[PDB]
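This is work-v7.txt. It holds compact mmCIF, N, CA and C atoms.
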# COMPACT_ATOMS: atom_id res chain seq x y z
N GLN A 1 11.66 -0.28 11.85
CA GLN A 1 10.82 0.54 10.89
C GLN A 1 9.34 0.17 10.98
N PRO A 2 8.73 -0.08 9.82
CA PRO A 2 7.30 -0.47 9.77
C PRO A 2 7.22 -1.84 10.46
N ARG A 3 6.02 -2.18 10.90
CA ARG A 3 5.76 -3.38 11.62
C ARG A 3 5.94 -4.63 10.79
N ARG A 4 5.66 -4.60 9.51
CA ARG A 4 5.78 -5.83 8.71
C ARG A 4 6.72 -5.57 7.55
N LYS A 5 7.23 -6.68 7.01
CA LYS A 5 8.16 -6.58 5.88
C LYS A 5 7.46 -6.21 4.57
N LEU A 6 6.19 -6.51 4.42
CA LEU A 6 5.42 -6.13 3.22
C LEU A 6 5.34 -4.62 3.09
N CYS A 7 5.47 -3.88 4.13
CA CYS A 7 5.39 -2.43 4.21
C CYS A 7 6.52 -1.74 3.49
N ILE A 8 7.64 -2.41 3.31
CA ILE A 8 8.77 -1.85 2.58
C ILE A 8 8.68 -2.01 1.09
N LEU A 9 7.78 -2.83 0.59
CA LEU A 9 7.70 -3.03 -0.85
C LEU A 9 7.35 -1.72 -1.54
N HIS A 10 7.98 -1.57 -2.72
CA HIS A 10 7.75 -0.43 -3.59
C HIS A 10 6.32 -0.53 -4.11
N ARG A 11 5.68 0.59 -4.14
CA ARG A 11 4.29 0.66 -4.63
C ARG A 11 4.16 0.09 -6.05
N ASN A 12 3.16 -0.70 -6.35
CA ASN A 12 2.98 -1.25 -7.68
C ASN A 12 1.49 -1.45 -7.99
N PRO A 13 1.04 -0.72 -9.04
CA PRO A 13 -0.31 -0.81 -9.52
C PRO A 13 -0.59 -2.07 -10.24
N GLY A 14 0.38 -2.78 -10.78
CA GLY A 14 -0.03 -4.04 -11.53
C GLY A 14 -0.21 -3.61 -13.01
N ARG A 15 -0.76 -4.57 -13.81
CA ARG A 15 -0.81 -4.32 -15.27
C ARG A 15 -2.18 -4.35 -15.88
N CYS A 16 -3.23 -4.31 -15.07
CA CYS A 16 -4.62 -4.34 -15.53
C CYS A 16 -5.15 -2.94 -15.83
N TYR A 17 -6.42 -2.89 -16.20
CA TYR A 17 -7.01 -1.61 -16.62
C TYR A 17 -7.98 -0.99 -15.66
N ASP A 18 -8.18 -1.54 -14.51
CA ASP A 18 -9.10 -0.93 -13.48
C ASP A 18 -8.36 0.20 -12.80
N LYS A 19 -9.04 0.89 -11.90
CA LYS A 19 -8.33 1.99 -11.09
C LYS A 19 -9.04 1.92 -9.71
N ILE A 20 -8.55 1.04 -8.85
CA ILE A 20 -9.16 0.79 -7.54
C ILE A 20 -8.42 1.61 -6.49
N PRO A 21 -9.12 2.48 -5.82
CA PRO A 21 -8.44 3.43 -4.84
C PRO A 21 -7.99 2.58 -3.66
N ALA A 22 -6.73 2.68 -3.31
CA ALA A 22 -6.11 1.92 -2.24
C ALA A 22 -4.98 2.75 -1.63
N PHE A 23 -4.41 2.15 -0.59
CA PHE A 23 -3.30 2.71 0.15
C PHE A 23 -2.12 1.75 0.17
N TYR A 24 -0.96 2.29 0.31
CA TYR A 24 0.27 1.46 0.52
C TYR A 24 1.09 2.26 1.51
N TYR A 25 2.01 1.68 2.17
CA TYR A 25 2.94 2.32 3.04
C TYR A 25 4.17 2.82 2.29
N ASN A 26 4.46 4.07 2.34
CA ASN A 26 5.60 4.75 1.80
C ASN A 26 6.69 4.86 2.88
N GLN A 27 7.61 3.94 2.74
CA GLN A 27 8.78 3.76 3.69
C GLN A 27 9.56 5.05 3.76
N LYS A 28 9.87 5.64 2.62
CA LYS A 28 10.68 6.87 2.59
C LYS A 28 10.09 8.04 3.35
N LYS A 29 8.76 8.23 3.30
CA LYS A 29 8.03 9.35 3.87
C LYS A 29 7.43 8.97 5.24
N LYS A 30 7.40 7.68 5.50
CA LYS A 30 6.84 7.13 6.73
C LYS A 30 5.37 7.37 6.88
N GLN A 31 4.64 7.18 5.79
CA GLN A 31 3.18 7.37 5.85
C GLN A 31 2.49 6.50 4.82
N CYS A 32 1.23 6.30 5.08
CA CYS A 32 0.33 5.64 4.12
C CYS A 32 -0.16 6.68 3.12
N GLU A 33 -0.14 6.24 1.85
CA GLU A 33 -0.52 7.12 0.76
C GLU A 33 -1.45 6.37 -0.16
N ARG A 34 -2.16 7.13 -0.95
CA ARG A 34 -3.13 6.70 -1.92
C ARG A 34 -2.34 6.27 -3.19
N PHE A 35 -2.98 5.36 -3.84
CA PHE A 35 -2.58 4.93 -5.22
C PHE A 35 -3.84 4.19 -5.71
N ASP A 36 -3.99 3.97 -6.98
CA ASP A 36 -4.90 3.22 -7.74
C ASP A 36 -4.24 1.87 -8.14
N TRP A 37 -4.83 0.86 -7.66
CA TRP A 37 -4.52 -0.53 -7.92
C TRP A 37 -5.34 -0.91 -9.19
N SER A 38 -4.65 -1.51 -10.13
CA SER A 38 -5.16 -1.84 -11.43
C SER A 38 -6.08 -3.00 -11.47
N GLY A 39 -6.20 -3.77 -10.45
CA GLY A 39 -7.13 -4.94 -10.57
C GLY A 39 -6.37 -6.22 -10.75
N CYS A 40 -5.07 -6.27 -10.96
CA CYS A 40 -4.30 -7.53 -11.03
C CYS A 40 -2.85 -7.09 -10.89
N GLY A 41 -2.01 -8.09 -10.55
CA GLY A 41 -0.55 -7.66 -10.42
C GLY A 41 -0.39 -6.98 -9.07
N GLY A 42 0.73 -6.27 -8.97
CA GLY A 42 0.97 -5.53 -7.68
C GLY A 42 1.76 -6.42 -6.72
N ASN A 43 1.82 -6.00 -5.48
CA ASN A 43 2.55 -6.76 -4.40
C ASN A 43 1.69 -6.53 -3.16
N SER A 44 2.03 -7.01 -2.02
CA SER A 44 1.20 -6.98 -0.83
C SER A 44 1.27 -5.71 0.00
N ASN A 45 2.00 -4.75 -0.40
CA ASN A 45 1.98 -3.42 0.18
C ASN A 45 0.74 -2.72 -0.45
N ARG A 46 -0.45 -3.11 -0.08
CA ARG A 46 -1.67 -2.46 -0.69
C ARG A 46 -2.78 -2.66 0.33
N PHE A 47 -3.50 -1.64 0.64
CA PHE A 47 -4.60 -1.79 1.70
C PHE A 47 -5.84 -1.18 1.14
N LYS A 48 -7.01 -1.68 1.54
CA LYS A 48 -8.28 -1.07 1.08
C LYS A 48 -8.62 0.26 1.77
N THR A 49 -8.23 0.47 3.00
CA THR A 49 -8.49 1.64 3.82
C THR A 49 -7.23 2.14 4.46
N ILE A 50 -7.19 3.41 4.78
CA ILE A 50 -6.04 4.02 5.46
C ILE A 50 -5.87 3.42 6.85
N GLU A 51 -6.99 3.03 7.51
CA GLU A 51 -6.96 2.46 8.84
C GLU A 51 -6.20 1.14 8.87
N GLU A 52 -6.45 0.26 7.95
CA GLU A 52 -5.80 -0.94 7.65
C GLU A 52 -4.33 -0.73 7.36
N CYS A 53 -3.99 0.23 6.55
CA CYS A 53 -2.53 0.52 6.29
C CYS A 53 -1.81 0.89 7.58
N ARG A 54 -2.43 1.87 8.31
CA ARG A 54 -1.91 2.38 9.55
C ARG A 54 -1.69 1.32 10.59
N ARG A 55 -2.66 0.53 10.95
CA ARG A 55 -2.48 -0.56 11.90
C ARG A 55 -1.41 -1.56 11.57
N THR A 56 -1.36 -2.03 10.32
CA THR A 56 -0.48 -3.01 9.75
C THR A 56 0.99 -2.56 9.71
N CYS A 57 1.27 -1.39 9.27
CA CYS A 57 2.59 -0.88 9.06
C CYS A 57 3.09 0.12 10.06
N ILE A 58 2.20 0.88 10.69
CA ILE A 58 2.53 1.91 11.62
C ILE A 58 2.20 1.52 13.07
N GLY A 59 1.00 1.12 13.29
CA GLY A 59 0.33 0.74 14.51
C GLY A 59 -0.71 1.81 14.88
Show how you would write the structure in this file as structure tokens.
Amino acid sequence: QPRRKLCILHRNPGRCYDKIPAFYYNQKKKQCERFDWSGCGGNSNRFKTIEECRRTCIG
């Protein structure tokens, strides 16, 4: 599947009040998608740019 195991993690915004535009890898759809990261919490399936998501999880 994806290149790394962090790529399978379920998307998680965390529990803070910010809304930071980021990407995560969507295993089910096989693509990088947008989400808003809250500023704390979350898991390592989160990238600042789509390019970063793509290289890391897709190639």
I need the residues in chain A that are strand (DSSP E) according to DSSP; give them as a PyMOL selection string. chain A and resi 20-26+31-37
For residue 12 in chain A, the nearest of the candidates A:46, A:55, A:34, A:29, counting only C-alpha atoms: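 Residue with the minimum atom-to-atom distance to residue 12 in chain A: A:46.
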CA of residue 39 in chain A and CA of residue 51 in chain A are how many Å apart?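 Taking CA of residue 39 in chain A and CA of residue 51 in chain A, their separation equals 20.8 Å.
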Show which residues sit within 8 Å of residue 21 in chain A, as a VMD selection string. Count all atoms listed in the file, and ignore same-chain residues fewer than 5 positions away. chain A and resid 34 to 38 47 to 49
Check the smallest atom-to-atom distance from each of A:43, A:25, A:31, A:54 to residue 13 in chain A using only N, CA and C atoms, then report the winner.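 The shortest atom-to-atom distance to residue 13 in chain A comes from A:43.
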